[PDB]
Each structure stands twice: as structure tokens, then as C-alpha cells.
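Structure record follows, encoded as C-alpha cells.
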Amino acid sequence: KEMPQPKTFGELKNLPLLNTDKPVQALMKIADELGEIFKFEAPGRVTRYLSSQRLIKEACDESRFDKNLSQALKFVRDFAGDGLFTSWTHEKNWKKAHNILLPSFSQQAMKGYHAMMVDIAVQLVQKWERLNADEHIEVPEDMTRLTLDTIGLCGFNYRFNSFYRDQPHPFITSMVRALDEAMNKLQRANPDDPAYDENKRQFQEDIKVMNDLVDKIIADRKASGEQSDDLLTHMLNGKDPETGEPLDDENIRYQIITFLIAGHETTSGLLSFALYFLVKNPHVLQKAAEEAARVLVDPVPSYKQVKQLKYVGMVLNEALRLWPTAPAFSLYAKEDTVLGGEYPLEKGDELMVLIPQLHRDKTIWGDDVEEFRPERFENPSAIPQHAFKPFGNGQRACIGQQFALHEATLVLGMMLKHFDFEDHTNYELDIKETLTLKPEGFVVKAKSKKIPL
Ligand code: HEM
Ligand SMILES: O=C(O)[C@H](Cc1c[nH]c2ccccc12)NC(=O)C(F)(F)C(F)(F)C(F)(F)C(F)(F)C(F)(F)C(F)(F)C(F)(F)C(F)(F)F
């Protein structure tokens, strides 16, 4: 069976198709044209993009496929190193860090982070309470202030103080610029060409900034001896039950860098898409606002109250369905195997899972896949296995899933309790790609309900 393949460019094969500032959205369009699987070739490499639950349920069989580092992740590894996100499953430091960190990310571990999440959420609510009448909110900008600050504080007892700034912090300026370089390197022939000497110079300097700050945080905390019980504490003290070993300080640095990138970016995207969909669907916004008012009966939300925001959780899942903010992941075949009864693969062959396309599979979701309908998630158990994968798969799934969802549920609950929202520009969705996805230029107005904190 000849696997479908999109248009080619002579000796460059399919590579120029990714020479665009919206590559995921381009791949989605190709998937619409070509169906559940297509081959994608560039000089010296091939992968296959999967979009159906029928095929993806096979790819998610951990006995048959393991996480691969995409080229994107290999480039991110230059600064995220052998942190959890950019490590191979077979690296000693993956299993050690996994075993050590997993407990501290449980739905139950969120009880300890809740107060610090509220600290940052209240800063956001106060910002918006303090806007004057004519003024508006830059949504992804403020969500990114929130989610960065939340992972910084809950995770490392460090305050980025993003709500005190227009200029986003020297660590973050570097981190953003590092991510940008990694992204550009993808659509770039002859890496060692003298032209990119300046790009390499900046890259190295940004790594230095990120490492300096973080190693200092580490060493201050070690020296100080003062004990929170936060993520960094867990790491400095905790031992892997299997090997009996702790993480070394360098790996700890890589984990912190990873959490700061991983631990905020996709979360700000989620919140921004959720608020986008709410203002475009006023009946949904009203139902969610009713729940927030009924449940959040105290000035400060409790942990248990956040767990009771069932409909707000449905809204977030439906936002993740339509626009999963980490929109792909990569696998390789552990052994020769046949995909879908039709497509033979050799050991080592790669697959890409195109999550937004999976989440539009009409055999799973019905014909109305573009509609925003939180009620799809009335009972999340009703969704078939491997149909909904915004947090990846298996032992390599997102370690931060419960953290992200607790934070997003708390913040969105507070926003809906405290304000009415207006889509005053009738905003036209424009999704910016930086590996991750966000609605660029999304702005709203928020009129206070005048409920005291
Ligand atoms: C809406 C928010 C988020 C989404 C959509 C998301 C999505 C994902 C996805 C798809 C993966 C799998 C990557 C792959 O297979 O290549 C992943 C892994 C990971 N995520 Fe997230 N994530 C989010 C939030 C967070 C947060 C808040 C943290 C940390 C606080 C975090 C930390 C990580 C880490 C460490 C991994 C690697 C886990 C491992 O392989 O051992 N994520 N995430
Ligand atoms: O990075 C890669 O290896 C693959 C495939 C690829 C890149 N170059 C190729 C040449 C020939 C064949 C395949 C490729 N790149 C892509 O699919 C892509 F277009 F860059 C992509 F979709 F934007 C992406 F890089 F995969 C991606 F989606 F941004 C991503 F990086 F995987 C990602 F998803 F965003 C992410 F960064 F991993 C995540 F956000 F963390 F999930």
C-alpha cells in the first residue's frame, strides 16, 4: 500500500512545506487532504504523520513504540539537557528523575501548592480590578505572566514578579530567544555556514544566563538549608527508590529549566484558548460563570472548591481538544512491526502524532468536531483509549498535567467569579506557533462584578 505523501520540491522532497511560520496548522491542512497517515520526506530523513485514533492507539502501545526526540527536542536539549522532557527513556537520568519527581506532581501533591497558586491568581484578579473603564486586557500576555510566576513560586520559591513588569525578566528573555533559535534551526540548510555564527553566539550566551541564575538558586538553597517542601526541596533531598541515588546538581538545573519552559508555556496557551472559546460561546460562558459563583463562596478559593468546578474542567478539556498547546509528539518503533494491518515499519522508524488532528477524528467525536462543546466531557471516562492525548502517552506523559489543570481551573474559576467579559474587537483567531500554540493579539474587556477578595 503506497502511503500518501504531500507535494514535493525535487531534491528537497517535502522540506519546504515546513518553511512557514505556521507549520503545525500547515500539517493539519495536509492531513485533511491526505487522511490518517502520510509520509514526509526531507534529504536524509523520513517520518510519518498520524491523525486517526485507529492508528494512534497502536502507536501508543509502549511495548511497540517509545518516545523519540524530534529534531525540535534535540535542539531544545542543547539547553534543557537530560531533563525529563528532552531525555531518552533509556537514560539513567530519565528513570531516576521520573521516580523522584512523580509523587510531587500528584493531584494530591497540589494541596501543598494551592496557597502559592492562589497568591499569583489574586495578583491577576487585582490587576484586572484596577484597570480603568476604557482599558483592555492582553490575554496571552497576562496568562503568561500568571503561569510563569506560578511555576517559579510553587516550584522553586522564586518570584519572577511578572505583574510588576512590561519587560519580561532577563532569564525569560534568554529562554524565549533560545526556544526561537531551536525553532529556526529546523528550516535551515548547512548549519555550520559562517552566516549563522552570530546566531550561535547569542545562543551560547542565553544558555549561560539560564544556567547562572538556576545554579545560583540551587546553591543558595543548599547553603541556606532553609526548607520549603517545594519541587526544588524534593529534588535536593529525594532519592530514587530503584537505584537509591539522588539527582546530581547539574541534572537538577536541567529539570528547573525544563519546568520553567514546560511548566508555564502550554498552560498560558490553554488559559488563553479557553477564554477565547468562552467569549465566542456566551451560553457556555454563562454556565461556567454560574458554577464559579455557586462553588467559590469564599474570598479565597480552597483546594476542595477547585476540585468541585466540574464544568470549568469540562471547558478546559474542550479547549485542549481543539487546540492542544503542545501539539505533537514523536515515537520510534522498538522492533519491526506492522501498523494498521497495512503499513510495515522497521525497528527505529519514526512516527509523529498530530494531536489537533487526532482530536478532530470524526469516527470518535462525531461530525461536529469544530464546535466548542464542553458537554463532550460530561463523563471523561466515556472517551475511548488514546482518543484524547493533550498530555502525551504512557510513562512519557506530561508529569505536570495535574499541576497545569489545577492552576487553570483555579484561575479560570476566579476570573468567571469576579468579571464579565466582552469580545470588544470581535477578535479573529490567529494562532502563533513557537513550537507551542497561542492566540496572538487576543484581547478582551473585563467588567468587575465588585466581589471582594
Ligand atoms: C496545558 C499544559 C500542558 C500541556 C498541554 C502539556 C503537554 C505535554 C506533552 C504533550 C508532553 C509529552 C511530550 C512528548 O511526548 O514528547 C509533556 C511532557 C512533559 N511535561 Fe507537560 N504539558 C503541560 C504542562 C506542563 C507543566 C505545567 C509542567 C511542569 C510543571 C510540565 C512538564 C512536563 C515534563 C517534565 C514532561 C516530560 C515528562 C517525561 O517524559 O518524563 N508540563 N507535556
Ligand atoms: O522536529 C521534528 O523532528 C519534526 C519533524 C521534522 C522536522 N524536520 C523534518 C524533516 C523531515 C521529516 C520530518 C521533519 N518537526 C515538526 O513536525 C514541526 F513541523 F517542526 C513541528 F510540528 F512544528 C514540531 F516541531 F514537531 C512541533 F510540533 F513544533 C513540536 F516541536 F514537536 C512540538 F510539538 F511543538 C513540541 F515542541 F515538541 C512540543 F510543543 F513540546 F510538543
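Residue names in the C-alpha cells use chain letters A, B, ... in the order shown, residue numbers from 1 in each chain, and ligand numbers from 1 in the order shown.
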Original post:
Residues of range 131-375 of chain A in strand (DSSP E) according to DSSP, as a count of residues only?
Top reply: 19
Original post:
If we count only C-alpha atoms, what is near residue 2 in chain A at a cut-off of 10 Å, once residues fewer than 3 positions away on the same chain are taken out, given as a list in words?
Top reply: residues 5, 38, 39, 342 and 343 of chain A
Around ligand 1, at most 7 Å away and counting only C-alpha atoms and all ligand atoms, which residues are there? Put them as a compact mmCIF listing (two decimals) with C-alpha atoms, in the first residue's frame, please.
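Result went into selection06.txt, see below:
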# COMPACT_ATOMS: atom_id res chain seq x y z
CA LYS A 67 9.27 8.28 22.81
CA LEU A 69 13.29 13.06 20.38
CA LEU A 84 12.71 14.84 31.82
CA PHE A 85 11.28 16.33 28.61
CA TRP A 94 15.21 9.86 32.95
CA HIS A 98 10.82 10.29 36.91
CA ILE A 151 5.71 27.57 38.36
CA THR A 258 12.57 22.26 31.83
CA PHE A 259 9.86 23.10 34.39
CA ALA A 262 7.39 23.09 30.24
CA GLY A 263 5.79 24.28 33.44
CA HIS A 264 4.26 27.52 32.12
CA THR A 266 1.44 25.38 27.33
CA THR A 267 -0.52 26.34 30.40
CA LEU A 270 -4.61 26.67 27.47
CA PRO A 324 -3.71 21.26 22.35
CA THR A 325 -0.90 23.66 23.07
CA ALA A 326 1.91 21.07 22.80
CA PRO A 327 0.52 19.84 19.54
CA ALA A 328 2.72 16.86 18.61
CA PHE A 329 4.90 14.17 19.92
CA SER A 330 7.33 11.74 18.30
CA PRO A 390 -3.17 16.58 25.02
CA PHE A 391 -0.61 15.37 27.66
CA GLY A 392 1.10 12.70 25.56
CA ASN A 393 1.30 8.99 26.30
CA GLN A 395 5.26 6.67 31.10
CA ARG A 396 6.38 9.60 28.93
CA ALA A 397 3.14 11.53 29.51
CA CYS A 398 3.22 15.07 30.94
CA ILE A 399 4.40 14.97 34.55
CA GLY A 400 2.81 18.47 35.06
CA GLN A 401 -0.74 17.53 33.95
CA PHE A 403 -0.47 20.95 38.22
CA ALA A 404 -1.48 22.63 34.98
CA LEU A 405 -5.13 21.65 35.30
Original post:
So which residues are near ligand 2, meaning at most 8 Å away with only C-alpha atoms and all ligand atoms counted, given back as a PyMOL selection string?
Top reply: chain A and resi 14-15+18+22-24+27+40-48+69-73+183+186-187+262+266+325-330+352+354+433-437
Original post:
Could you write out, as number ranges by chain, all the residues of range 254-363 of chain A that DSSP marks as alpha helix (DSSP H)?
Top reply: A: 254-262, 265-280, 282-295, 303-307, 310-322, 355-358, 362-363
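Among A:452, A:269, A:81, A:152, the residue with the shortest atom-to-atom distance to residue 431 in chain A, counting only C-alpha atoms, is A:269.
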Subject >> Coordinates-based distance that separates CA of residue 3 in chain A from CA of residue 384 in chain A (Å, one decimal) >> reply: 26.1 Å
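Within 12 Å of residue 164 in chain A, once only C-alpha atoms are used and residues closer than 5 positions along the same chain are dropped, the contacting residues are residues 120, 123, 124, 127, 142, 145, 146, 149, 159 and 169 of chain A.
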Saved selection, atoms kept: N, CA, C and O atoms, as a compact mmCIF listing (two decimals), in the first residue's frame:
# COMPACT_ATOMS: atom_id res chain seq x y z
N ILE A 120 -0.56 34.03 43.19
CA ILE A 120 -0.40 34.54 41.82
C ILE A 120 -1.77 34.87 41.17
O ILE A 120 -1.94 35.91 40.53
N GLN A 123 -3.04 38.11 42.30
CA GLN A 123 -2.32 39.21 41.60
C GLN A 123 -2.97 39.51 40.25
O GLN A 123 -3.16 40.66 39.89
N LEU A 124 -3.37 38.46 39.53
CA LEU A 124 -4.03 38.63 38.23
C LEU A 124 -5.37 39.31 38.39
O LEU A 124 -5.66 40.29 37.73
N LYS A 127 -4.91 42.98 39.24
CA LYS A 127 -4.53 43.74 38.04
C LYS A 127 -5.77 44.15 37.27
O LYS A 127 -5.95 45.33 36.92
N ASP A 142 -1.00 38.36 29.72
CA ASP A 142 -1.30 38.23 31.15
C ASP A 142 -1.34 36.76 31.63
O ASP A 142 -0.93 36.48 32.73
N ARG A 145 2.28 35.82 32.19
CA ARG A 145 2.71 36.38 33.47
C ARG A 145 2.30 35.45 34.62
O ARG A 145 3.12 35.10 35.49
N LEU A 146 1.05 35.02 34.57
CA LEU A 146 0.48 34.14 35.60
C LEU A 146 1.17 32.79 35.68
O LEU A 146 1.59 32.35 36.78
N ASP A 149 4.91 32.84 36.70
CA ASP A 149 5.09 33.17 38.07
C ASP A 149 4.65 32.02 38.97
O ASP A 149 5.28 31.76 40.00
N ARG A 159 10.30 34.40 42.82
CA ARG A 159 9.32 35.34 42.28
C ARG A 159 9.87 36.05 41.02
O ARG A 159 10.78 36.89 41.09
N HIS A 169 11.71 39.80 32.10
CA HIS A 169 12.75 39.18 33.01
C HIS A 169 13.93 38.70 32.16
O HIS A 169 13.73 38.14 31.08
Original post:
At what distance in Å, to one decimal, does CA of residue 59 in chain A lie from CA of residue 338 in chain A?
Top reply: 10.4 Å
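If only C-alpha atoms are the atoms counted, then among A:230, A:77, A:215, A:111 the closest residue to residue 179 in chain A is A:77.
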Subject >> Contacts of residue 114 in chain A within 12 Å, only C-alpha atoms, excl. fewer than 2 positions in-chain, as number ranges by chain >> reply: A: 107-112, 116-121, 150-151, 153-155, 230, 300-307, 402-411
Go ahead and write the selection's residues with N, CA, C and O atoms as a tab-separated table (two decimals), in the first residue's frame.
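And here's again-v8.tsv as it stands now:
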chain	number	residue	atom	x	y	z
A	107	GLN	N	-2.19	14.71	41.89
A	107	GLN	CA	-3.35	15.55	42.18
A	107	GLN	C	-3.32	15.90	43.67
A	107	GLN	O	-3.60	17.03	44.07
A	108	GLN	N	-2.93	14.92	44.49
A	108	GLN	CA	-2.82	15.13	45.93
A	108	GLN	C	-1.70	16.06	46.34
A	108	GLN	O	-1.84	16.82	47.30
A	109	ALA	N	-0.59	16.06	45.58
A	109	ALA	CA	0.52	16.99	45.87
A	109	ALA	C	0.12	18.48	45.67
A	109	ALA	O	0.73	19.39	46.25
A	110	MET	N	-0.91	18.70	44.87
A	110	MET	CA	-1.39	20.03	44.59
A	110	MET	C	-1.91	20.72	45.86
A	110	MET	O	-1.99	21.92	45.88
A	111	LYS	N	-2.25	19.95	46.90
A	111	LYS	CA	-2.74	20.56	48.14
A	111	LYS	C	-1.71	21.49	48.70
A	111	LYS	O	-2.03	22.62	49.15
A	112	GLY	N	-0.45	21.08	48.60
A	112	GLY	CA	0.65	21.87	49.09
A	112	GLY	C	1.01	23.07	48.23
A	112	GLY	O	1.56	24.06	48.73
A	116	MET	N	0.19	28.98	47.12
A	116	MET	CA	1.07	29.75	46.25
A	116	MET	C	0.42	30.00	44.88
A	116	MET	O	0.57	31.06	44.30
A	117	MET	N	-0.35	29.02	44.39
A	117	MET	CA	-1.17	29.29	43.15
A	117	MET	C	-2.15	30.43	43.38
A	117	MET	O	-2.32	31.32	42.53
A	118	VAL	N	-2.81	30.41	44.54
A	118	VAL	CA	-3.78	31.49	44.88
A	118	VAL	C	-3.05	32.88	44.94
A	118	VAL	O	-3.56	33.90	44.41
A	119	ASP	N	-1.85	32.90	45.50
A	119	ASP	CA	-1.03	34.14	45.58
A	119	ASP	C	-0.94	34.81	44.20
A	119	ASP	O	-1.31	36.00	44.04
A	120	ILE	N	-0.56	34.03	43.19
A	120	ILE	CA	-0.40	34.54	41.82
A	120	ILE	C	-1.77	34.87	41.17
A	120	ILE	O	-1.94	35.91	40.53
A	121	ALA	N	-2.76	33.99	41.35
A	121	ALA	CA	-4.12	34.22	40.79
A	121	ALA	C	-4.75	35.52	41.32
A	121	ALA	O	-5.40	36.28	40.59
A	150	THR	N	3.63	31.31	38.55
A	150	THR	CA	3.10	30.19	39.35
A	150	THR	C	4.12	29.03	39.43
A	150	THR	O	4.38	28.51	40.52
A	151	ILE	N	4.72	28.64	38.31
A	151	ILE	CA	5.71	27.57	38.36
A	151	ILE	C	7.00	28.04	39.09
A	151	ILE	O	7.50	27.33	39.93
A	153	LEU	N	7.19	30.15	41.59
A	153	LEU	CA	6.94	30.27	43.02
A	153	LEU	C	6.66	28.88	43.68
A	153	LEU	O	7.34	28.47	44.63
A	154	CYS	N	5.69	28.16	43.14
A	154	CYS	CA	5.34	26.82	43.67
A	154	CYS	C	6.49	25.89	43.56
A	154	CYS	O	6.73	25.07	44.46
A	155	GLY	N	7.23	25.97	42.46
A	155	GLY	CA	8.30	25.06	42.19
A	155	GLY	C	9.61	25.37	42.90
A	155	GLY	O	10.33	24.46	43.32
A	230	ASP	N	8.97	22.30	48.55
A	230	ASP	CA	8.62	22.52	47.13
A	230	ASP	C	9.41	21.62	46.20
A	230	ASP	O	10.11	20.72	46.65
A	300	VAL	N	-11.18	33.51	49.27
A	300	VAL	CA	-10.05	32.74	48.78
A	300	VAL	C	-10.58	31.34	48.45
A	300	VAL	O	-11.05	30.66	49.34
A	301	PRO	N	-10.47	30.90	47.19
A	301	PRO	CA	-10.82	29.52	46.91
A	301	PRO	C	-9.98	28.49	47.66
A	301	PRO	O	-8.73	28.63	47.73
A	302	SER	N	-10.65	27.45	48.16
A	302	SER	CA	-9.98	26.30	48.74
A	302	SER	C	-9.62	25.29	47.66
A	302	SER	O	-10.20	25.27	46.57
A	303	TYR	N	-8.70	24.41	48.01
A	303	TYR	CA	-8.35	23.28	47.17
A	303	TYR	C	-9.57	22.44	46.81
A	303	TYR	O	-9.77	22.06	45.64
A	304	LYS	N	-10.40	22.14	47.80
A	304	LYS	CA	-11.56	21.30	47.55
A	304	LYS	C	-12.58	21.99	46.61
A	304	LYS	O	-13.22	21.33	45.80
A	305	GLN	N	-12.70	23.32	46.72
A	305	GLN	CA	-13.62	24.08	45.87
A	305	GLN	C	-13.18	23.99	44.43
A	305	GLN	O	-14.00	23.75	43.55
A	306	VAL	N	-11.89	24.13	44.19
A	306	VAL	CA	-11.37	23.98	42.83
A	306	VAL	C	-11.70	22.62	42.23
A	306	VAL	O	-12.09	22.52	41.06
A	307	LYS	N	-11.57	21.55	43.03
A	307	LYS	CA	-11.95	20.19	42.57
A	307	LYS	C	-13.44	20.06	42.21
A	307	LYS	O	-13.82	19.17	41.45
A	402	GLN	N	-1.57	17.43	36.26
A	402	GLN	CA	-2.46	17.80	37.38
A	402	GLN	C	-2.16	19.23	37.88
A	402	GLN	O	-3.07	19.99	38.24
A	403	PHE	N	-0.88	19.60	37.87
A	403	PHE	CA	-0.47	20.95	38.22
A	403	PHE	C	-1.12	21.96	37.27
A	403	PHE	O	-1.77	22.94	37.69
A	404	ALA	N	-0.95	21.73	35.97
A	404	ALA	CA	-1.48	22.63	34.98
A	404	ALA	C	-3.00	22.73	35.10
A	404	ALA	O	-3.53	23.80	35.04
A	405	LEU	N	-3.69	21.61	35.27
A	405	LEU	CA	-5.13	21.65	35.30
A	405	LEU	C	-5.64	22.29	36.60
A	405	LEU	O	-6.67	22.97	36.59
A	406	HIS	N	-4.96	22.06	37.71
A	406	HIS	CA	-5.37	22.72	38.97
A	406	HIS	C	-5.23	24.23	38.90
A	406	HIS	O	-6.17	24.99	39.23
A	407	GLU	N	-4.07	24.68	38.47
A	407	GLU	CA	-3.84	26.09	38.22
A	407	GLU	C	-4.87	26.70	37.25
A	407	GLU	O	-5.43	27.77	37.51
A	408	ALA	N	-5.11	26.03	36.13
A	408	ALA	CA	-6.01	26.61	35.10
A	408	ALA	C	-7.44	26.62	35.60
A	408	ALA	O	-8.19	27.57	35.37
A	409	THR	N	-7.82	25.61	36.37
A	409	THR	CA	-9.17	25.56	36.91
A	409	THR	C	-9.39	26.66	37.97
A	409	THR	O	-10.38	27.39	37.92
A	410	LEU	N	-8.46	26.79	38.90
A	410	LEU	CA	-8.47	27.86	39.91
A	410	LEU	C	-8.58	29.27	39.29
A	410	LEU	O	-9.47	30.07	39.63
A	411	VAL	N	-7.70	29.55	38.34
A	411	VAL	CA	-7.61	30.87	37.75
A	411	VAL	C	-8.86	31.17	36.92
A	411	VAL	O	-9.43	32.27	37.01
Taking only C-alpha atoms into account, produce a table as JSON lines in which each residue of range 39-99 of chain A with an atom at most 7 Å from an atom of range 231-247 of chain A appears once, together with its shortest atom pair and the distance in Å to one decimal, ordered by chain and rising number.
{"residue": "A:96", "atom": "CA", "partner": "A:240", "partner_atom": "CA", "distance": 5.5}
{"residue": "A:97", "atom": "CA", "partner": "A:247", "partner_atom": "CA", "distance": 6.8}
{"residue": "A:99", "atom": "CA", "partner": "A:240", "partner_atom": "CA", "distance": 5.8}
For the residues in the current selection, export N, CA, C and O atoms as a CSV table (one decimal), in the first residue's frame.
chain,number,residue,atom,x,y,z
A,96,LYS,N,15.5,7.9,36.9
A,96,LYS,CA,15.8,8.5,38.3
A,96,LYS,C,14.9,9.7,38.5
A,96,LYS,O,14.2,9.7,39.5
A,97,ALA,N,14.9,10.7,37.7
A,97,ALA,CA,14.2,11.9,37.8
A,97,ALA,C,12.7,11.6,37.8
A,97,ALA,O,11.9,12.2,38.6
A,99,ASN,N,11.2,8.8,38.8
A,99,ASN,CA,10.8,8.2,40.1
A,99,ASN,C,10.8,9.2,41.2
A,99,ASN,O,10.0,9.1,42.2
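When CA of residue 296 in chain A is paired with CA of residue 416 in chain A, their separation reads 10.1 Å.
When the distance limit is 8 Å and only C-alpha atoms are what count, the residues near residue 292 in chain A, minus those fewer than 5 positions from it on the same chain, are residues 309, 312, 413, 414, 416 and 417 of chain A.
Residues lying within 10 Å of residue 63 in chain A, counting only C-alpha atoms and ignoring same-chain neighbours fewer than 2 positions away, are residues 58, 59, 60, 61, 65, 66, 333, 334 and 335 of chain A.
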